[PDB]
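**Student:** Build me a model from this:
(chains A and B)
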Amino acid sequence: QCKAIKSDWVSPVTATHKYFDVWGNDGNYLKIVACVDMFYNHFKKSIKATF
RNA sequence: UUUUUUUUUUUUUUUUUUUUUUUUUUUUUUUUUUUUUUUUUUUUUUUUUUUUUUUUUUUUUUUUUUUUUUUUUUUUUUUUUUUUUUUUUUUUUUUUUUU
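**Tutor:** Numbers count the residues shown, from 1 in each chain, chains lettered A, B, ... in the order given. Take a look at the structure below.
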């Protein structure tokens, strides 16, 4: 993601912090991530399939 | 609780390649890192050949005694108060396992 636009990016996530793995317990987050993975596995020719 | 490649974006798979090339060979000559000449023990003055000797000697022996670097006497676990004898023990427990 450092080459997202042209070249410049700064990382906002701490390499040792663990404040985001709680989101795996959320059912809706798992449902949307499974939705996007299932939909973009069917269409691998899309530009946005990098997600 | 759930899990169980400290696997995975999709692609790919020589830490291969401009093209041309291939002795980290070559000016031509040459080919003892041989040579003035003449020599050839890094031998020799002539003598000489124990880095032997004054003579005398020849235990780096000895005063005479002596001869456990033994001994007051008594003794002989560098044992012992009595009691004891896992440098065991509250009870409960017994993966320094587990959402």
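
**Student:** measure residue A:21 to RNA strand B for me?
**Tutor:** Residue A:21 sits at a distance of 10 Å from RNA strand B (criterion: C-beta to the nearest atom of the strand, to the nearest Å). For every residue, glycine as well, the C-beta is placed using N, CA and C.

**Student:** Can you give me the neighbour number for that residue?
**Tutor:** A count of nearby residues for residue A:21, using other C-beta atoms under 10 Å, gives 8.

**Student:** For RNA strand B, what is the nearest residue in chain A?
**Tutor:** Nearest residue of chain A to RNA strand B, counting by C-beta to the nearest atom of the strand: residue A:50, 4.5 Å away.

**Student:** Just give me the neighbour total for that residue.
**Tutor:** 6.

**Student:** Over to it: give its phi and psi.
**Tutor:** phi -60, psi -20 (degrees, to the nearest 10).

**Student:** And it, how close does it get to residue A:27?
**Tutor:** According to C-beta to C-beta, to the nearest Å, residue A:50 and residue A:27 sit 26 Å apart.

**Student:** Many thanks, I have nothing further to ask.
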